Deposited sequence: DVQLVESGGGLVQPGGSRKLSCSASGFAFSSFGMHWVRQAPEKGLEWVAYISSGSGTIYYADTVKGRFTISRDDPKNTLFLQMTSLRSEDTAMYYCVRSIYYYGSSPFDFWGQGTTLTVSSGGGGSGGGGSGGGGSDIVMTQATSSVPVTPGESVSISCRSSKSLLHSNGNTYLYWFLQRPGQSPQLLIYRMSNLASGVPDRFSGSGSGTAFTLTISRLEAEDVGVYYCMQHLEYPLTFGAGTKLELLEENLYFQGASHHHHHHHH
């Protein structure tokens, strides 16, 4: 099976340095671009860094541009984040994320288990932070963006993710309509322009958790604030 295990996190002094390793197994690691995406405790997700296939493109977030270094080792199948000048804001959980890009591709499809580090643009409008519901009824989670994600470039680069409690995020919808691999057909995605929605009909008990809308129209990659589904 596909597997990504991260290590290196723990207690550090502020302003220091730390190595984050993501060991990969069971997929063509050289063919996949990789990302780091972190999540502060009881907060949403924010994209940290991106290295391409063959290291031909390296993008950062401006929060960490100049302080973080992302570097892949393909013969060892490892991904590395060298972290310099670690302030107290960088206490989070880090996720090492596969992503492959061609026609009809499913980016961001398998997220790693993440490691915890403790040290001491387009904006996605996801304003409804909690929707209470009971199993069996349809829920519609909505999301709005700063600018439009659809034009004559063809697609609409909105990505719906789901994080169950105690787990990594998991891709539900990519490019606003297309259901991922390993998720049931009750999840639907629709919308137009700046306004999009995720429909969960016939809802079971394992859909409890936080739902995120992400954009992939241009870097940097920005998530929503989250939408919790409970009870």
Need the unmodelled segments of the deposited chain, numbered from 1, in order.
121-136, 248-266
